[PDB]
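4 protein chains.
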Amino acid sequence: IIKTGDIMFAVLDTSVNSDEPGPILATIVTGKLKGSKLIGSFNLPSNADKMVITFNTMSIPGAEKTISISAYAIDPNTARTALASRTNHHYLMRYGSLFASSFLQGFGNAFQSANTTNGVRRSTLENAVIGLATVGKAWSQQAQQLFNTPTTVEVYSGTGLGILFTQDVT
Amino acid sequence: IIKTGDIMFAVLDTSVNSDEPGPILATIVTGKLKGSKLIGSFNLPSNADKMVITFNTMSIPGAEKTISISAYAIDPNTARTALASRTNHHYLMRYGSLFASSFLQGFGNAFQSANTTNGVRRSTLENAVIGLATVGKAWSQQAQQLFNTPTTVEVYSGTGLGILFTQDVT
Amino acid sequence: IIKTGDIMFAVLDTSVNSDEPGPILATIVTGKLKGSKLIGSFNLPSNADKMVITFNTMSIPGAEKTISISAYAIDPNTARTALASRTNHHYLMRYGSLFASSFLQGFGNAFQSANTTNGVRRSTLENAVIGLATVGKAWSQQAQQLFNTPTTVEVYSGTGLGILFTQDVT
Amino acid sequence: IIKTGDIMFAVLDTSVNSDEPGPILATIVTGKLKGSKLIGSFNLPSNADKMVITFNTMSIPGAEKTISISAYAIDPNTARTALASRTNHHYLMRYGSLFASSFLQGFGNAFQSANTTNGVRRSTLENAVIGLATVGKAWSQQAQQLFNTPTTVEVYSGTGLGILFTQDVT
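Chains F, E, G and H supply the protein sequences, listed in that same order.
Quick note, the first sequence lines up with residues 862 to 978, 994 to 1046 if you use PDB author numbering.
Quick note, the second sequence lines up with residues 862 to 978, 994 to 1046 if you use PDB author numbering.
Quick note, the third sequence lines up with residues 862 to 978, 994 to 1046 if you use PDB author numbering.
Quick note, the fourth sequence lines up with residues 862 to 978, 994 to 1046 if you use PDB author numbering.
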């Protein structure tokens, strides 16, 4: 029997990544149900740096079959119902490719319009500056799509958890 | 039996955050129902700096099952029906990307049209000023969406509560 | 019998590539069910650098028929539910064909506009510079389509992996 | 009786080509069924450099008739489920006719615009340079459609391959 709100401590043993949807396994370590296997999933709230892990199957050792369950994983040392061993916003892929393609475009167009009647210029004044103006343009067309890469949240495979049951377990 | 308007004090033992929707657990500390566990949710009113915790399930120690309930969490200090241990308006994510990208755009376009019939310019007159006008423009297009990040309200895990019941308990 | 959450170690004897969809076979090495053949498939989540293997058939040596099954392959020493022995982002066929097709266009248009009204030029002033403006214009047209080639994830044929069963096996 | 996952080594005796749809025959060389005639087809995943061979009819010597079957051809020394003895992207047909058709157009237009009001240019200054702009413009028109020729995958007729059965044989 498990009441509602009964926190029991588990350990993660399947490291999760927000980019790869898959089942997550945890193993209860302390309590009258020691060694039970919790199978669940996760859900990134699309505006948060931590992912919410919900467990929906429990395999008690010595039980005949696995019982459906409603549960959530809270993070000890924070008591928050969200886990993030490492969150990663792509600051060099979304901002390093948006501040470098646009800069190339601007720095090339500036050299192009630096003289107008269209004026005699040296070969490198059109090689490594004006020529890049197009490189930064096309790159920019492929840099706005790189910006929409969601932040990736990874919970490692040794993290302790507090499993909180939101409903009674038969 | 808990009558409508009866207040018993809990302790919010699960830290909550507005970004991540998850269950909220509070253990009643004082009164004739000691150690009872309240499971509920939150709601950000989209125009307030505080969030409303509304408990809707109570598990009494010794009860056969968990009873449905209607309750609200009130801050013991201000007596308001809203909790916020820390409210975070993103003044650097939204006013640091709107005042810096647009400033770069303006500072670049100002150097672009400084002299016009465009005469000879030094390399930094197009590298570090004019070329930025594009990196501040694209950034601007990616900063009008950063402005819509909702304020993050966080209630800690030691926050004492008051529980106001708006319905009779049988 | 196999309970939910039971991890059985297997070796992948069929190398896989994300480009070509095909069945994947894994032979269990350790456990009470040794030598059983797991037939399954794979999925690339279109935003991750690793692929999720979903075994769905198990042939036990000594059985009369192959049993349906639900299991995922987890990568040991990482415990993640995704496998990747080599991940290939085509940084030369997508970015090398986008930074060179567009660079030719800009480098050619710069020489084309390098003098405008007479516009008297040399034979090499239009052979390998201005004449390359058009080809780049074509190449960059065919390089936007090259940018959409998905990354290829390859799991080799010696990769040992755990198998986590998400449902009971009777 | 053949289980699921059983690998039997066969040799191809019908060379295949991705451009020519048709049946592919293989003969099993090792095992208790030495001399069967696997008949199958192929598939090109439209983004891969190798083709997937799938057999769906097996003619055991001495059998009453040929049996419907499910199998895949895996390539030894790689173990991958795809075969390719020679992969041919038409680099000279697609890029040699794109970098020369478009180069002619630009090289001709550059000579055309090399002087504008006074066009005292000589006869060869329009024979094989300016006059080549139009033909190039035609060739580039017939080279965009030529760019979409799919890659040619060829598996030769001495190619030994393993056969992996994904279904039981009765």
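For each residue, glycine too, the CB sits at the ideal point set by N, CA and C.
Based on Cα-Cα distance, which residue from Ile930/G, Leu965/G, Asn949/G, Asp874/G lies nearest to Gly1012/F? Looking up residue 1012/F in the first sequence gives position 136. Comparing Cα-Cα distances from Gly1012/F to each of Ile930/G, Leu965/G, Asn949/G, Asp874/G, the minimum goes to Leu965/G.
Are the beta-carbon atoms of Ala1009/H and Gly969/H separated by less than 8 Å? One-based indexing of the fourth sequence puts residue 1009/H at position 133. One-based indexing of the fourth sequence puts residue 969/H at position 108. In this structure, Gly969/H lies closer than 8 Å to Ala1009/H by Cβ.
Considering only C-alpha positions, which residue in the set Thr865/E, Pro882/E, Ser958/E, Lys911/E is nearest to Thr1027/E? Position 151 of the second sequence, counted from the start, is the residue given in the question as residue 1027/E. Selected option, being the one with the closest Cα: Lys911/E.
Count the other CB atoms, across all protein chains shown, that sit within 10 Å of the CB of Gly1007/F; report buried if there are 16 or more and exposed otherwise. Within the first sequence, numbered from 1, the residue matching residue 1007/F stands at position 131. So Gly1007/F ends up on the buried side.
Name the chain E residues that come within less than 7 Å of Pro906/F, Cβ to Cβ? One-based indexing of the first sequence puts residue 906/F at position 45. Those within 7 Å of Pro906/F in chain E are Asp880, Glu881, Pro882.
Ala940/F versus chain E: which residues are under 7 Å apart at the beta carbon? Translated into the one-based positions of the first sequence, residue 940/F becomes position 79. The answer, in chain order, is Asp874, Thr875, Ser876, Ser1033.
From the beta carbon of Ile900/F, is the nearest beta carbon of chain G less than 8 Å away? By one-based count along the first sequence, residue 900/F stands at place 39. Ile900/F counts as touching chain G.
As a quick exercise: from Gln1021/F, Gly896/F, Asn949/F, pick the residue whose alpha carbon is nearest that of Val1031/F. The residue you call residue 1031/F lines up with position 155 of the first sequence. Cα-wise, what sits closest to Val1031/F is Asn949/F.
Counting Cβ pairs, one atom from each stretch, are 3 or more of them under 8 Å apart for the region 932-952 of chain H and the region 901-919 of chain H? yes
Endpoints, beta strand (DSSP E) assigned at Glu1002/F: Counting from one through the first sequence, the residue named residue 1002/F turns up at place 126. Not the beta strand (DSSP E): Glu1002/F falls in the alpha helix (DSSP H), residues 1000-1003.
Put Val996/G into one of helix, strand or coil per three-state DSSP. Looking up residue 996/G in the third sequence gives position 120. Reduced to three states, the DSSP call for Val996/G is coil.
Min CB distance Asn994/F to chain G below 8 Å: As a position in the first sequence, residue 994/F is number 118, starting the count at 1. So, interface residue.
In the DSSP assignment, find the unbroken alpha helix (DSSP H) run with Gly1038/E in it and report its ends. What you label residue 1038/E is simply residue 162 of the second sequence in a count that begins at 1. Looking at the DSSP string, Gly1038/E is not in any alpha helix (DSSP H); the run it does join, the beta strand (DSSP E), is 1036-1041.
So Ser897/F and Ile921/F are in contact, right, with Cβ under 8 Å, and what is the actual spacing, rounded? As a working mapping, residue 897/F is identified with position 36 in the first sequence. As a working mapping, residue 921/F is identified with position 60 in the first sequence. Rounded, the Cβ-Cβ distance is 5 Å, consistent with contact.
In the DSSP assignment, find the unbroken alpha helix (DSSP H) run with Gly967/G in it and report its ends. Mapped onto the third sequence, residue 967/G falls at position 106. Note, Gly967/G: alpha helix (DSSP H), 962-973.
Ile1006/F versus chain G: which residues are under 7 Å apart at the beta carbon? As a working note, residue 1006/F is residue 130 in the first sequence. Within chain G, the residues near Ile1006/F are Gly967, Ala971.
DSSP has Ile900/F in a bridge; who is on the other side? For the purposes of this step, residue 900/F is identified with residue 39 of the first sequence, where counting begins at 1. Answer is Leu886/F, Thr918/F, bridged to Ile900/F.
Opposite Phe870/H in the DSSP bridges: which residues? On the fourth sequence, residue 870/H is found 9 positions in, with the first residue counted as 1. Per DSSP, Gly1038/H.
Which term fits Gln1020/E, buried or exposed, when burial requires 16 or more other beta carbons within 10 angstroms of its beta carbon? One-based indexing of the second sequence puts residue 1020/E at position 144. Classification for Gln1020/E: exposed.
Can you list, in chain order, the residues of its chain whose CB lies under 7 Å from that of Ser907/F, leaving out five sequence neighbours each side? Here residue 907/F refers to the residue found at position 46 when the first sequence is read from its first residue. Taken in chain order, the list of residues that qualify is empty.
Roughly how many angstroms lie between the CA atoms of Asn1024/E and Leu1022/F, to the nearest whole one? One-based indexing of the second sequence puts residue 1024/E at position 148. One-based indexing of the first sequence puts residue 1022/F at position 146. Their Cα atoms are separated by approximately 20 Å.
Please list the partners that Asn976/H has in chain G, where partner means a Cβ-to-Cβ separation under 9 Å. Stepping through the fourth sequence from its first residue, residue 976/H is reached at position 115. The answer, in chain order, is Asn994, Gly995, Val996, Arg997.
For the beta strand (DSSP E) that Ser929/G lies in, which residues bound it at each end? Position 68 of the third sequence, counting from 1, holds the residue named residue 929/G. Counting along the chain, the beta strand (DSSP E) containing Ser929/G begins and ends at 928-935.
Interface residues of chain G around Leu959/H at Cβ under 8 Å? The residue labelled residue 959/H in the question sits at position 98 within the fourth sequence. Near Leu959/H (Cβ distances below 8 Å), the residues of chain G are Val1011, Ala1014, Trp1015, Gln1018.
With a 10 Å radius around its C-beta and 16 neighbouring C-beta atoms as the bar for buried, classify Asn917/F as buried or exposed. Numbered from its first residue, the first sequence carries residue 917/F at position 56. Exposed is the call here.
I need the DSSP call for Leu959/G, collapsed to helix, strand or coil. Against the third sequence, residue 959/G aligns to sequence position 98. Coil at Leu959/G, not helix or strand.
Enumerate in chain order the residues of its own chain whose CB-to-CB distance from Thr875/F is below 7 Å, with the five nearest sequence positions on each side excluded. Reading the first sequence from its first residue, position 14 is the one you call residue 875/F. Cβ within range, chain order: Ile885, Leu886, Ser1033.
Min CB distance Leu953/G to chain F below 8 Å: The count along the third sequence starts at 1 and reaches residue 953/G at position 92. So, not an interface residue.
Excluding the 5 residues preceding and the 5 following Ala971/H in the sequence, name in chain order all residues of the same chain whose CB lies nearer than 6 Å to its CB. As a working mapping, residue 971/H is identified with position 110 in the fourth sequence. Cβ neighbours of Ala971/H beyond the five flanking positions: none.
Do you know whose CA, among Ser1016/H, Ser962/H, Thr865/H, lies nearest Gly923/G's CA? Residue mapping note: residue 923/G aligns to position 62 of the third sequence, counting from 1. Measuring from the Cα of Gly923/G, the nearest candidate turns out to be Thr865/H.
Would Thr948/F count as contacting chain G if we go by Cβ distances under 8 Å? Within the first sequence, numbered from 1, the residue matching residue 948/F stands at position 87. So, not an interface residue.
Distance between beta carbons of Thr978/E and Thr977/F, contact taken as under 8 Å: Mapped onto the first sequence, residue 977/F falls at position 116. Mapped onto the second sequence, residue 978/E falls at position 117. Rounded, the Cβ-Cβ distance is 6 Å, consistent with contact.
Identify which residue in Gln973/F, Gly1038/F, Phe870/F has its Cα closest to the Cα of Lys895/F. Position 34 of the first sequence holds residue 895/F. For the residues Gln973/F, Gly1038/F, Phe870/F, the minimum Cα distance to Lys895/F belongs to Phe870/F.
Give a yes or no on whether 8 Å exceeds the smallest Cβ distance from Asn917/E to chain F. Taking the first residue of the second sequence as position 1, residue 917/E is located at position 56. Taking Cβ atoms only, chain F never reaches closer than 8 Å to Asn917/E, which makes this a no.
By the criterion of Cβ-Cβ separation under 7 Å, what are the contact partners of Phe1023/G in chain F? Here residue 1023/G refers to the residue found at position 147 of the third sequence. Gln1018, listed in chain order.
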